[PDB]
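With compact mmCIF, C-alpha atoms inside, this is target_28.txt:
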```txt
# COMPACT_ATOMS: atom_id res chain seq x y z
CA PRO P 1 -12.74 -4.26 -4.33
CA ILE P 2 -10.39 -1.45 -3.46
CA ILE P 3 -7.90 -0.62 -6.27
CA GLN P 4 -4.82 1.57 -5.82
CA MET P 5 -3.34 2.76 -9.04
CA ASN P 6 0.18 4.24 -9.02
CA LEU P 7 0.96 6.09 -12.22
CA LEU P 8 3.42 8.78 -13.33
CA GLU P 9 2.40 12.42 -13.11
CA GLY P 10 1.41 14.20 -16.38
CA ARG P 11 -2.10 12.91 -17.06
CA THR P 12 -4.99 15.23 -17.66
CA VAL P 13 -8.24 15.06 -15.55
CA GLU P 14 -10.10 13.57 -18.59
CA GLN P 15 -7.66 10.70 -18.84
CA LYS P 16 -7.81 9.95 -15.04
CA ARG P 17 -11.62 10.05 -15.23
CA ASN P 18 -11.69 7.73 -18.32
CA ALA P 19 -9.33 5.33 -16.50
CA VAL P 20 -11.43 5.13 -13.30
CA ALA P 21 -14.59 4.54 -15.38
CA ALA P 22 -13.05 1.87 -17.50
CA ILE P 23 -11.32 0.03 -14.63
CA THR P 24 -14.61 0.12 -12.61
CA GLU P 25 -16.50 -1.34 -15.58
CA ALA P 26 -13.89 -4.10 -15.89
CA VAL P 27 -14.16 -5.03 -12.14
CA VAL P 28 -17.97 -4.92 -12.20
CA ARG P 29 -18.09 -7.23 -15.26
CA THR P 30 -15.41 -9.70 -14.35
CA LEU P 31 -16.09 -10.06 -10.60
CA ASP P 32 -19.93 -9.40 -10.70
CA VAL P 33 -19.94 -6.73 -7.98
CA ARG P 34 -21.92 -3.53 -7.90
CA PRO P 35 -20.29 -0.25 -9.04
CA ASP P 36 -20.57 1.22 -5.53
CA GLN P 37 -18.44 -1.77 -4.22
CA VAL P 38 -15.49 -0.60 -6.39
CA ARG P 39 -13.25 2.11 -5.04
CA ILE P 40 -10.19 3.39 -6.90
CA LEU P 41 -7.41 5.48 -5.27
CA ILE P 42 -4.94 7.16 -7.69
CA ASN P 43 -1.42 7.84 -6.40
CA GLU P 44 0.47 10.04 -8.72
CA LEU P 45 4.26 9.67 -8.71
CA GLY P 46 6.66 12.40 -9.48
CA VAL P 47 9.26 11.57 -12.14
CA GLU P 48 12.00 11.43 -9.37
CA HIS P 49 9.72 9.04 -7.33
CA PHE P 50 9.55 6.12 -9.69
CA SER P 51 12.56 4.00 -10.74
CA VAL P 52 13.29 0.87 -12.91
CA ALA P 53 16.75 -0.67 -12.70
CA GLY P 54 17.90 2.00 -10.28
CA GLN P 55 17.10 5.03 -12.62
CA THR P 56 14.26 7.39 -11.96
CA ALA P 57 11.72 8.18 -14.72
CA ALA P 58 13.37 11.64 -14.94
CA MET P 59 16.75 10.04 -15.67
CA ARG P 60 15.31 7.60 -18.23
CA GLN P 61 13.63 10.53 -20.09
CA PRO T 1 10.20 -6.93 -6.87
CA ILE T 2 8.15 -3.80 -6.41
CA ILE T 3 9.35 -1.62 -3.48
CA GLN T 4 7.35 1.27 -2.01
CA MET T 5 9.37 3.56 0.14
CA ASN T 6 7.56 6.02 2.43
CA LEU T 7 9.88 8.70 3.75
CA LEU T 8 9.51 12.20 5.21
CA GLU T 9 9.64 15.19 2.88
CA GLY T 10 12.88 17.27 2.81
CA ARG T 11 15.25 15.13 0.74
CA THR T 12 17.07 16.51 -2.24
CA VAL T 13 16.82 14.85 -5.74
CA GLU T 14 20.45 13.59 -5.37
CA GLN T 15 19.62 11.77 -2.17
CA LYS T 16 16.42 10.16 -3.66
CA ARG T 17 18.44 9.10 -6.72
CA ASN T 18 21.29 7.65 -4.54
CA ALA T 19 18.67 5.75 -2.48
CA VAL T 20 16.91 4.19 -5.51
CA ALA T 21 20.29 3.12 -6.95
CA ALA T 22 21.52 1.63 -3.75
CA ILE T 23 18.27 -0.17 -2.88
CA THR T 24 18.11 -1.59 -6.48
CA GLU T 25 21.69 -2.85 -6.17
CA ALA T 26 20.83 -4.50 -2.84
CA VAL T 27 17.74 -6.30 -4.33
CA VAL T 28 19.65 -7.38 -7.46
CA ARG T 29 22.49 -8.84 -5.34
CA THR T 30 20.51 -10.50 -2.61
CA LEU T 31 17.59 -11.90 -4.64
CA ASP T 32 19.52 -12.47 -7.99
CA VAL T 33 17.01 -10.62 -10.20
CA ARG T 34 17.76 -8.31 -13.08
CA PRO T 35 17.79 -4.52 -12.52
CA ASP T 36 14.80 -4.05 -14.83
CA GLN T 37 12.77 -6.44 -12.52
CA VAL T 38 13.16 -3.95 -9.62
CA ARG T 39 10.75 -1.05 -9.42
CA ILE T 40 10.81 1.51 -6.61
CA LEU T 41 7.94 3.93 -5.85
CA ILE T 42 8.75 6.81 -3.43
CA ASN T 43 5.88 8.24 -1.38
CA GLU T 44 6.87 11.39 0.32
CA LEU T 45 5.03 12.23 3.54
CA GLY T 46 4.39 15.67 4.78
CA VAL T 47 5.49 16.33 8.38
CA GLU T 48 1.74 16.43 9.46
CA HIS T 49 1.20 13.05 7.63
CA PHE T 50 3.48 10.84 9.64
CA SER T 51 3.03 10.06 13.36
CA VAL T 52 4.72 7.91 16.10
CA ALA T 53 2.93 7.52 19.42
CA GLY T 54 0.13 9.79 18.29
CA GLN T 55 2.40 12.86 17.48
CA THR T 56 3.09 14.00 13.97
CA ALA T 57 6.71 14.56 12.80
CA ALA T 58 5.92 18.32 12.91
CA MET T 59 4.98 18.08 16.60
CA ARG T 60 8.04 15.95 17.48
CA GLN T 61 10.33 18.55 15.79
CA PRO Q 1 11.58 5.25 6.34
CA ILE Q 2 8.99 2.48 5.93
CA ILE Q 3 9.61 0.13 2.97
CA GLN Q 4 7.06 -2.37 1.58
CA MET Q 5 8.65 -5.01 -0.64
CA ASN Q 6 6.29 -7.07 -2.83
CA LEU Q 7 7.95 -10.31 -4.04
CA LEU Q 8 6.72 -13.42 -5.75
CA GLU Q 9 6.34 -16.50 -3.36
CA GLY Q 10 8.97 -19.13 -3.01
CA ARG Q 11 12.20 -17.40 -1.79
CA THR Q 12 14.24 -18.94 0.97
CA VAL Q 13 14.27 -17.29 4.41
CA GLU Q 14 18.02 -16.63 3.98
CA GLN Q 15 17.50 -14.57 0.85
CA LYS Q 16 14.67 -12.56 2.51
CA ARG Q 17 16.97 -11.96 5.57
CA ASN Q 18 19.87 -10.86 3.33
CA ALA Q 19 17.54 -8.52 1.39
CA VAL Q 20 16.20 -6.96 4.58
CA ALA Q 21 19.75 -6.29 5.85
CA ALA Q 22 21.03 -4.99 2.52
CA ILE Q 23 18.01 -2.73 1.91
CA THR Q 24 18.23 -1.35 5.45
CA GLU Q 25 21.90 -0.46 5.15
CA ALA Q 26 21.27 1.07 1.65
CA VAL Q 27 18.61 3.37 3.23
CA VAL Q 28 20.74 4.20 6.33
CA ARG Q 29 23.70 5.25 4.09
CA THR Q 30 21.87 7.19 1.37
CA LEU Q 31 19.22 8.83 3.56
CA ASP Q 32 21.28 9.52 6.69
CA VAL Q 33 18.83 7.81 9.15
CA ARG Q 34 19.54 5.38 11.97
CA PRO Q 35 18.84 1.64 11.51
CA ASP Q 36 16.05 1.73 14.12
CA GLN Q 37 14.19 4.32 11.87
CA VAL Q 38 14.06 1.74 9.00
CA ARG Q 39 11.20 -0.75 8.83
CA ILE Q 40 10.62 -3.22 6.00
CA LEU Q 41 7.38 -5.14 5.43
CA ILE Q 42 7.52 -8.07 2.95
CA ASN Q 43 4.41 -9.04 1.04
CA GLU Q 44 4.62 -12.31 -0.87
CA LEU Q 45 2.57 -12.70 -3.93
CA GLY Q 46 1.23 -15.96 -5.19
CA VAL Q 47 1.89 -16.61 -8.85
CA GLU Q 48 -1.83 -16.26 -9.51
CA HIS Q 49 -1.70 -12.77 -7.89
CA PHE Q 50 0.85 -10.96 -9.97
CA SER Q 51 0.52 -9.97 -13.62
CA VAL Q 52 2.50 -8.21 -16.35
CA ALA Q 53 0.73 -7.26 -19.65
CA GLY Q 54 -2.45 -8.90 -18.40
CA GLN Q 55 -1.03 -12.46 -17.80
CA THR Q 56 -0.34 -13.81 -14.36
CA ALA Q 57 3.10 -15.10 -13.37
CA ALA Q 58 1.36 -18.55 -13.10
CA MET Q 59 0.18 -18.38 -16.72
CA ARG Q 60 3.53 -17.02 -17.89
CA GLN Q 61 5.35 -20.02 -16.22
CA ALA Q 62 2.74 -22.41 -17.63
CA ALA Q 63 3.29 -21.05 -21.20
CA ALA Q 64 7.07 -21.70 -20.79
CA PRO M 1 1.16 1.83 -14.04
CA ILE M 2 1.23 -0.44 -10.97
CA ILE M 3 -2.23 -1.50 -9.70
CA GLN M 4 -2.90 -3.14 -6.30
CA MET M 5 -6.31 -4.81 -6.12
CA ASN M 6 -7.59 -5.75 -2.64
CA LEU M 7 -10.40 -8.35 -2.82
CA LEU M 8 -12.16 -10.50 -0.30
CA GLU M 9 -10.99 -14.24 -0.31
CA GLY M 10 -12.81 -16.93 -2.15
CA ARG M 11 -12.86 -15.96 -5.89
CA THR M 12 -12.09 -18.55 -8.51
CA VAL M 13 -8.78 -18.35 -10.41
CA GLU M 14 -10.75 -17.76 -13.65
CA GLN M 15 -12.40 -14.63 -12.30
CA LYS M 16 -9.04 -13.28 -11.01
CA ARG M 17 -7.48 -14.01 -14.48
CA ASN M 18 -10.38 -12.28 -16.28
CA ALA M 19 -10.09 -9.26 -13.95
CA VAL M 20 -6.34 -8.98 -14.52
CA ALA M 21 -6.84 -9.03 -18.32
CA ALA M 22 -9.76 -6.61 -18.28
CA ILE M 23 -8.09 -4.15 -15.90
CA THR M 24 -4.87 -4.24 -17.95
CA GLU M 25 -6.63 -3.50 -21.22
CA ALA M 26 -8.70 -0.71 -19.50
CA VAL M 27 -5.39 0.94 -18.39
CA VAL M 28 -3.65 0.41 -21.78
CA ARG M 29 -6.58 2.09 -23.62
CA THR M 30 -7.30 5.02 -21.29
CA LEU M 31 -3.71 5.82 -20.31
CA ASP M 32 -1.95 5.14 -23.62
CA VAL M 33 0.71 2.75 -22.16
CA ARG M 34 1.90 -0.61 -23.45
CA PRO M 35 0.71 -3.85 -21.79
CA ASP M 36 4.22 -4.62 -20.52
CA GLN M 37 4.10 -1.28 -18.51
CA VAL M 38 1.02 -2.55 -16.56
CA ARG M 39 1.50 -4.65 -13.42
CA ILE M 40 -1.30 -5.80 -11.12
CA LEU M 41 -0.78 -7.20 -7.61
CA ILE M 42 -3.79 -8.95 -6.00
CA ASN M 43 -4.13 -8.95 -2.24
CA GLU M 44 -6.82 -11.24 -0.84
CA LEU M 45 -8.43 -10.33 2.36
CA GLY M 46 -9.82 -12.79 4.82
CA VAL M 47 -13.33 -12.01 5.99
CA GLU M 48 -11.95 -11.25 9.43
CA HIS M 49 -9.60 -8.66 7.82
CA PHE M 50 -11.97 -6.32 6.09
CA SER M 51 -14.48 -3.99 7.73
CA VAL M 52 -17.11 -1.42 6.79
CA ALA M 53 -18.64 0.81 9.55
CA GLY M 54 -16.59 -1.02 12.15
CA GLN M 55 -17.90 -4.60 11.47
CA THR M 56 -15.86 -7.20 9.69
CA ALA M 57 -17.13 -8.94 6.55
CA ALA M 58 -17.14 -12.14 8.73
CA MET M 59 -19.46 -10.54 11.29
CA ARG M 60 -21.62 -9.00 8.56
CA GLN M 61 -22.09 -12.50 6.94
CA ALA M 62 -22.71 -14.03 10.38
CA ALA M 63 -25.47 -11.43 11.14
CA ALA M 64 -27.18 -12.38 7.81
CA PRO J 1 -11.43 7.02 4.67
CA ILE J 2 -9.68 3.75 3.79
CA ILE J 3 -7.29 2.45 6.49
CA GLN J 4 -4.71 -0.33 5.98
CA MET J 5 -3.41 -1.77 9.25
CA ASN J 6 -0.25 -3.91 9.07
CA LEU J 7 0.16 -6.10 12.19
CA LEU J 8 2.40 -8.96 13.12
CA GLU J 9 0.66 -12.46 12.96
CA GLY J 10 -0.80 -14.14 15.96
CA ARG J 11 -3.53 -11.81 17.40
CA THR J 12 -6.84 -13.23 18.46
CA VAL J 13 -9.94 -12.48 16.36
CA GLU J 14 -11.43 -10.60 19.34
CA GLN J 15 -8.55 -8.15 19.48
CA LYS J 16 -8.72 -7.57 15.69
CA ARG J 17 -12.53 -6.99 16.00
CA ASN J 18 -12.05 -4.55 18.91
CA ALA J 19 -9.34 -2.68 16.96
CA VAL J 20 -11.55 -2.39 13.88
CA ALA J 21 -14.42 -0.95 15.97
CA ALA J 22 -12.21 1.41 17.95
CA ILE J 23 -10.32 2.68 14.90
CA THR J 24 -13.58 3.22 13.00
CA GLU J 25 -15.15 5.25 15.79
CA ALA J 26 -11.87 7.27 16.21
CA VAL J 27 -12.06 8.20 12.47
CA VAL J 28 -15.84 8.92 12.54
CA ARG J 29 -15.39 11.33 15.52
CA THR J 30 -12.22 13.16 14.47
CA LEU J 31 -12.92 13.35 10.73
CA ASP J 32 -16.69 13.91 10.78
CA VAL J 33 -17.55 11.01 8.37
CA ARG J 34 -20.23 8.35 8.66
CA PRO J 35 -19.31 4.78 9.72
CA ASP J 36 -20.22 3.40 6.28
CA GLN J 37 -17.48 5.72 4.76
CA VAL J 38 -14.79 3.95 6.88
CA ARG J 39 -13.12 0.80 5.58
CA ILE J 40 -10.25 -1.01 7.28
CA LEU J 41 -8.07 -3.67 5.63
CA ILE J 42 -5.84 -5.76 7.95
CA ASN J 43 -2.61 -7.19 6.61
CA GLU J 44 -0.88 -9.70 8.87
CA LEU J 45 2.80 -10.01 8.68
CA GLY J 46 4.72 -13.15 9.38
CA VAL J 47 7.62 -12.71 11.76
CA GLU J 48 10.00 -13.40 8.88
CA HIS J 49 8.35 -10.51 6.94
CA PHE J 50 8.82 -7.57 9.23
CA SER J 51 12.11 -5.93 10.17
CA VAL J 52 13.44 -3.06 12.29
CA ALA J 53 17.13 -1.98 11.92
CA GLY J 54 17.68 -4.78 9.41
CA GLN J 55 16.63 -7.75 11.67
CA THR J 56 13.38 -9.57 11.26
CA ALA J 57 10.90 -9.90 14.13
CA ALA J 58 11.68 -13.69 13.91
CA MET J 59 15.40 -13.08 14.46
CA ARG J 60 14.71 -10.51 17.18
CA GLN J 61 12.52 -13.09 19.09
CA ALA J 62 15.15 -15.79 18.48
CA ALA J 63 17.93 -13.55 19.97
CA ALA J 64 15.75 -13.06 23.12
CA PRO K 1 1.36 -1.63 13.96
CA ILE K 2 1.80 0.51 10.89
CA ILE K 3 -1.45 2.23 9.75
CA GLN K 4 -1.90 3.93 6.37
CA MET K 5 -4.87 6.19 6.21
CA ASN K 6 -6.11 7.37 2.79
CA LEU K 7 -8.52 10.26 3.08
CA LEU K 8 -9.78 13.04 0.80
CA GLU K 9 -7.97 16.37 0.77
CA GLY K 10 -9.59 19.31 2.64
CA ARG K 11 -8.84 18.55 6.29
CA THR K 12 -7.20 21.08 8.54
CA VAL K 13 -3.94 20.27 10.50
CA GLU K 14 -5.98 20.15 13.78
CA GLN K 15 -8.27 17.48 12.41
CA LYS K 16 -5.33 15.34 11.07
CA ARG K 17 -3.60 15.69 14.45
CA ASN K 18 -6.80 14.75 16.38
CA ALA K 19 -7.23 11.71 14.08
CA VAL K 20 -3.66 10.41 14.56
CA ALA K 21 -4.00 10.81 18.35
CA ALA K 22 -7.31 9.09 18.54
CA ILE K 23 -6.39 6.21 16.21
CA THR K 24 -3.11 5.68 18.18
CA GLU K 25 -5.06 5.56 21.45
CA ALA K 26 -7.46 3.01 19.94
CA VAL K 27 -4.57 0.73 18.76
CA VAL K 28 -2.72 1.05 22.08
CA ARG K 29 -5.88 0.10 24.04
CA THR K 30 -7.21 -2.67 21.87
CA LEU K 31 -3.94 -4.41 20.92
CA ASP K 32 -1.94 -3.57 24.16
CA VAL K 33 1.12 -2.15 22.37
CA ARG K 34 3.15 0.87 23.34
CA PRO K 35 2.46 4.25 21.66
CA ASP K 36 5.91 4.28 20.05
CA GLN K 37 5.00 0.91 18.31
CA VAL K 38 2.16 2.67 16.41
CA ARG K 39 3.02 4.55 13.25
CA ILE K 40 0.41 6.28 11.10
CA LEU K 41 1.03 7.45 7.50
CA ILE K 42 -1.62 9.80 6.01
CA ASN K 43 -2.07 9.75 2.23
CA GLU K 44 -4.20 12.58 1.08
CA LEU K 45 -6.15 12.04 -2.13
CA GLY K 46 -7.09 14.74 -4.51
CA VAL K 47 -10.79 14.87 -5.44
CA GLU K 48 -9.92 13.53 -8.99
CA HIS K 49 -7.89 10.67 -7.35
CA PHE K 50 -10.64 8.88 -5.51
CA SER K 51 -13.63 7.18 -7.20
CA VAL K 52 -16.73 5.10 -6.18
CA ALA K 53 -18.73 3.43 -8.93
CA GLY K 54 -16.49 4.90 -11.59
CA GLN K 55 -17.05 8.62 -10.57
CA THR K 56 -14.39 10.69 -8.92
CA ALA K 57 -15.15 12.61 -5.68
CA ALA K 58 -15.05 15.80 -7.82
CA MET K 59 -17.80 14.44 -10.09
CA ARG K 60 -19.95 13.24 -7.16
CA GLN K 61 -19.72 16.74 -5.55
```
Could you express the structure from this file as C-alpha cells?
Amino acid sequence: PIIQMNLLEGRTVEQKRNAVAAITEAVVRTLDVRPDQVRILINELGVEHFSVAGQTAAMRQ
Amino acid sequence: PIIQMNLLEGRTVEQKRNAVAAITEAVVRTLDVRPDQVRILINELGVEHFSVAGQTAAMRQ
Amino acid sequence: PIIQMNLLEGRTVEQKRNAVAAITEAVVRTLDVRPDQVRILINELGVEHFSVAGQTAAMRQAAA
Amino acid sequence: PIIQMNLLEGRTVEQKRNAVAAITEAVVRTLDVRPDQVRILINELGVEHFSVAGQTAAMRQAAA
Amino acid sequence: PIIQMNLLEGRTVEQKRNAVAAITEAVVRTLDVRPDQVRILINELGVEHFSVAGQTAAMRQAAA
Amino acid sequence: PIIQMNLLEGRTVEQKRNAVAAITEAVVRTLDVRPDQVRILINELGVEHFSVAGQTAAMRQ
C-alpha cells in the first residue's frame, strides 16, 4: 500500500514520526501486509493552500 | 468533493484566495453540494518541478 | 493548472460536464491563464472507498 | 487530514472497512484531530497498473 | 521514487508494460536509484473524466 | 499523459532536468504521443515526509 497523507503545516517531527508508525501498524494489521510493503508520503499544506467552503485555513483561523 | 490544484509558484495570497472561492462556488452550483463538502488542496510547483515536452517551466521561460 | 477532482460515484455526465466548464472558467479568471493551460482529471470514488470519521460513505448511507 | 490509500485490487470490503477505521483512529490519536476532520480515499489498482522495478504486479504473479 | 501516470483509457496492455519498463529505466539512470526503489501506479481516465480548456476528451472526440 | 513523480529531496537541478527529459522520451516512444502531450509534476519529499515500514527516510539514514 502507498498512502499519501495531506495535513496542515505546524506539526513537529515527533508527531509526524508517531503518525507514520501508527498508520503503518494499522495497515499491517488490517490488510496483513509486511511493514516494508507500506509506504507513506506526507504532503504538508500551507494555511493558504487548504480550503473548506471557499475559505483557506488561514482565513478560518 | 476534494479538489487538488497543482499550479506554478508565483501567485499572491489574494489570487489563491480568489481561486479557492471561485472554484468552490462552481462546485457548489454545478454539483449541488454544500460549501463545507468542498475541500481544495493547493500544491504549488517550483519552476524546475513542472515540465511540458521534457522542458521545465524554468527552461521554457 | 492541473486540477484533480475526487467525487463520489453516481453523478450524471451533464453535471460532470458543467463542473468541468465552471471550474475551468473559475481558474482562467482568478489565475489569469488561458483555457488550454487548464486540465481537470475526475476520479470517481465508490461508496466503499470514501470515509469520514472512519465510516465509509456506504456505511453512512446504510445507517440512514 | 486527507489520506489517499492506493491498494492492489481484490481485498474484501471488511478488510477495507477495518483499514479505514484503524487508519482514522491512528491519525486522530497521533495528530490530535477529531474523527470528522479525517477523510480517506481508497484507490484500487489493477495488477496491470502497478509496478516495482519495471514489472507489473500481473507479470510478477505470472512469473511465480 | 513513486510515479503516478494518468492516461486516457483504451491502451493495450503491451503499451502500458513497455511504458512501465521505459519509465523505470529512465528514473534508474537519471536519478541513480535501484529498480526496486521505483514504483509506478497507472490511473486510467475515462474520456468523460479528462478535460482541456473546459471540454472533456469525450466531447472533443465527438466534435471531430 | 500527466506524470507525478514523488522523490526524496537532495537532487540537483541538472538531475531533475535529465529525469524529466528522459521520462518524457520514454512516454513519447512507448505510447506514441507528442512531447507537448506529456506533463511531469515533481513533488519533492522531505526526509521526515517519506516512510517505509513505519520509519522515515531520516530515521533509516
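Across the model, the gap from CA of residue 23 in chain K to CA of residue 62 in chain M is 26.6 Å.
What separates CA of residue 15 in chain M from CA of residue 60 in chain M is a distance of 23.5 Å.
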Under the rule of at most 8 Å, produce a per-residue listing of chain P near chain M: chain, number, name, the closest pair of atoms, and the distance in Å, as a Markdown table, using all atoms listed in the file.
```
| residue | atom | partner | partner_atom | distance |
| --- | --- | --- | --- | --- |
| P:1 | CA | M:7 | CA | 4.9 |
| P:2 | CA | M:6 | CA | 5.2 |
| P:3 | CA | M:5 | CA | 4.5 |
| P:4 | CA | M:4 | CA | 5.1 |
| P:5 | CA | M:3 | CA | 4.5 |
| P:6 | CA | M:2 | CA | 5.2 |
| P:7 | CA | M:1 | CA | 4.6 |
| P:8 | CA | M:1 | CA | 7.3 |
| P:11 | CA | M:31 | CA | 8.0 |
| P:15 | CA | M:30 | CA | 6.2 |
| P:16 | CA | M:31 | CA | 7.9 |
| P:18 | CA | M:30 | CA | 6.0 |
| P:19 | CA | M:30 | CA | 5.2 |
| P:22 | CA | M:26 | CA | 5.4 |
| P:23 | CA | M:23 | CA | 5.4 |
| P:26 | CA | M:22 | CA | 5.4 |
| P:27 | CA | M:19 | CA | 6.1 |
| P:30 | CA | M:19 | CA | 5.4 |
| P:31 | CA | M:15 | CA | 6.1 |
```
Please, can I see chain Q fitted onto chain J by all in-order Cα atoms (least squares), as a PDB file with C-alpha atoms, in the coordinates of the input?
```pdb
ATOM      1  CA  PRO Q   1     -11.436   7.020   4.668  1.00  0.00           C
ATOM      2  CA  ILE Q   2      -9.677   3.749   3.799  1.00  0.00           C
ATOM      3  CA  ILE Q   3      -7.282   2.451   6.491  1.00  0.00           C
ATOM      4  CA  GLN Q   4      -4.702  -0.335   5.977  1.00  0.00           C
ATOM      5  CA  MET Q   5      -3.412  -1.766   9.250  1.00  0.00           C
ATOM      6  CA  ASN Q   6      -0.249  -3.905   9.068  1.00  0.00           C
ATOM      7  CA  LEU Q   7       0.157  -6.097  12.190  1.00  0.00           C
ATOM      8  CA  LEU Q   8       2.402  -8.960  13.124  1.00  0.00           C
ATOM      9  CA  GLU Q   9       0.659 -12.463  12.959  1.00  0.00           C
ATOM     10  CA  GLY Q  10      -0.798 -14.145  15.960  1.00  0.00           C
ATOM     11  CA  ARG Q  11      -3.524 -11.817  17.398  1.00  0.00           C
ATOM     12  CA  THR Q  12      -6.848 -13.228  18.454  1.00  0.00           C
ATOM     13  CA  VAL Q  13      -9.942 -12.481  16.351  1.00  0.00           C
ATOM     14  CA  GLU Q  14     -11.430 -10.601  19.340  1.00  0.00           C
ATOM     15  CA  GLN Q  15      -8.551  -8.151  19.485  1.00  0.00           C
ATOM     16  CA  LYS Q  16      -8.718  -7.562  15.686  1.00  0.00           C
ATOM     17  CA  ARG Q  17     -12.536  -6.986  16.001  1.00  0.00           C
ATOM     18  CA  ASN Q  18     -12.054  -4.554  18.915  1.00  0.00           C
ATOM     19  CA  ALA Q  19      -9.343  -2.683  16.960  1.00  0.00           C
ATOM     20  CA  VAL Q  20     -11.547  -2.391  13.884  1.00  0.00           C
ATOM     21  CA  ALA Q  21     -14.419  -0.952  15.968  1.00  0.00           C
ATOM     22  CA  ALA Q  22     -12.207   1.406  17.959  1.00  0.00           C
ATOM     23  CA  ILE Q  23     -10.314   2.684  14.895  1.00  0.00           C
ATOM     24  CA  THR Q  24     -13.575   3.218  13.007  1.00  0.00           C
ATOM     25  CA  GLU Q  25     -15.149   5.255  15.786  1.00  0.00           C
ATOM     26  CA  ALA Q  26     -11.868   7.267  16.206  1.00  0.00           C
ATOM     27  CA  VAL Q  27     -12.061   8.195  12.469  1.00  0.00           C
ATOM     28  CA  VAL Q  28     -15.844   8.920  12.540  1.00  0.00           C
ATOM     29  CA  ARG Q  29     -15.388  11.325  15.522  1.00  0.00           C
ATOM     30  CA  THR Q  30     -12.221  13.161  14.467  1.00  0.00           C
ATOM     31  CA  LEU Q  31     -12.919  13.345  10.727  1.00  0.00           C
ATOM     32  CA  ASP Q  32     -16.686  13.912  10.781  1.00  0.00           C
ATOM     33  CA  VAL Q  33     -17.549  11.008   8.373  1.00  0.00           C
ATOM     34  CA  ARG Q  34     -20.232   8.347   8.660  1.00  0.00           C
ATOM     35  CA  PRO Q  35     -19.303   4.785   9.725  1.00  0.00           C
ATOM     36  CA  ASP Q  36     -20.221   3.400   6.283  1.00  0.00           C
ATOM     37  CA  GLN Q  37     -17.482   5.719   4.750  1.00  0.00           C
ATOM     38  CA  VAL Q  38     -14.789   3.953   6.881  1.00  0.00           C
ATOM     39  CA  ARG Q  39     -13.121   0.801   5.580  1.00  0.00           C
ATOM     40  CA  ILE Q  40     -10.249  -1.013   7.285  1.00  0.00           C
ATOM     41  CA  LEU Q  41      -8.076  -3.667   5.629  1.00  0.00           C
ATOM     42  CA  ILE Q  42      -5.837  -5.759   7.945  1.00  0.00           C
ATOM     43  CA  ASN Q  43      -2.606  -7.192   6.612  1.00  0.00           C
ATOM     44  CA  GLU Q  44      -0.881  -9.706   8.868  1.00  0.00           C
ATOM     45  CA  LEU Q  45       2.805 -10.009   8.676  1.00  0.00           C
ATOM     46  CA  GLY Q  46       4.719 -13.147   9.383  1.00  0.00           C
ATOM     47  CA  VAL Q  47       7.620 -12.706  11.759  1.00  0.00           C
ATOM     48  CA  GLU Q  48       9.992 -13.397   8.880  1.00  0.00           C
ATOM     49  CA  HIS Q  49       8.343 -10.507   6.943  1.00  0.00           C
ATOM     50  CA  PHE Q  50       8.821  -7.566   9.229  1.00  0.00           C
ATOM     51  CA  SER Q  51      12.114  -5.925  10.165  1.00  0.00           C
ATOM     52  CA  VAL Q  52      13.439  -3.060  12.288  1.00  0.00           C
ATOM     53  CA  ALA Q  53      17.131  -1.986  11.914  1.00  0.00           C
ATOM     54  CA  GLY Q  54      17.675  -4.778   9.410  1.00  0.00           C
ATOM     55  CA  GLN Q  55      16.637  -7.753  11.673  1.00  0.00           C
ATOM     56  CA  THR Q  56      13.370  -9.566  11.260  1.00  0.00           C
ATOM     57  CA  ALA Q  57      10.893  -9.905  14.128  1.00  0.00           C
ATOM     58  CA  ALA Q  58      11.679 -13.692  13.917  1.00  0.00           C
ATOM     59  CA  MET Q  59      15.401 -13.079  14.463  1.00  0.00           C
ATOM     60  CA  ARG Q  60      14.718 -10.510  17.178  1.00  0.00           C
ATOM     61  CA  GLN Q  61      12.524 -13.088  19.088  1.00  0.00           C
ATOM     62  CA  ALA Q  62      15.146 -15.786  18.491  1.00  0.00           C
ATOM     63  CA  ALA Q  63      17.921 -13.547  19.967  1.00  0.00           C
ATOM     64  CA  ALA Q  64      15.752 -13.057  23.119  1.00  0.00           C
TER      65      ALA Q  64
END
```
key: For CA of residue 51 in chain M and CA of residue 52 in chain J, the interatomic separation in Å (one decimal)   =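 Computing it gives 28.3 Å between the two atoms.
Within 6 Å of chain P, and using all atoms listed in the file, the residues found on chain T are residues 20, 21, 24, 35, 36, 38, 39, 40, 41 and 42 of chain T.
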Could you produce a table of the residues of chain J lying within 7 Å of chain Q, with the nearest pair of atoms per residue and their separation in Å rounded to one decimal, using all atoms listed in the file, ordered by chain and increasing residue number, as a Markdown table?
```
| residue | atom | partner | partner_atom | distance |
| --- | --- | --- | --- | --- |
| J:49 | CA | Q:42 | CA | 4.8 |
| J:50 | CA | Q:41 | CA | 4.7 |
| J:51 | CA | Q:40 | CA | 5.2 |
| J:52 | CA | Q:39 | CA | 4.7 |
| J:53 | CA | Q:35 | CA | 4.0 |
| J:54 | CA | Q:21 | CA | 4.4 |
| J:55 | CA | Q:21 | CA | 6.8 |
```
Taking N, CA and C atoms as the atom set, what does range 34-39 of chain T look like once completed, written as a compact mmCIF listing (two decimals), in the frame of the given file?
```txt
# COMPACT_ATOMS: atom_id res chain seq x y z
N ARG T 34 17.24 -9.37 -12.24
CA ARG T 34 17.76 -8.31 -13.08
C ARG T 34 17.37 -6.93 -12.57
N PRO T 35 18.20 -5.92 -12.80
CA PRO T 35 17.79 -4.52 -12.52
C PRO T 35 16.44 -4.14 -13.05
N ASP T 36 16.09 -4.53 -14.28
CA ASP T 36 14.80 -4.05 -14.83
C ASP T 36 13.65 -4.78 -14.13
N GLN T 37 13.89 -5.79 -13.25
CA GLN T 37 12.77 -6.44 -12.52
C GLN T 37 12.55 -5.69 -11.19
N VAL T 38 13.32 -4.67 -10.92
CA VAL T 38 13.16 -3.95 -9.62
C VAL T 38 12.57 -2.56 -9.85
N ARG T 39 11.39 -2.35 -9.29
CA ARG T 39 10.75 -1.05 -9.42
C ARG T 39 10.60 -0.45 -8.03
```
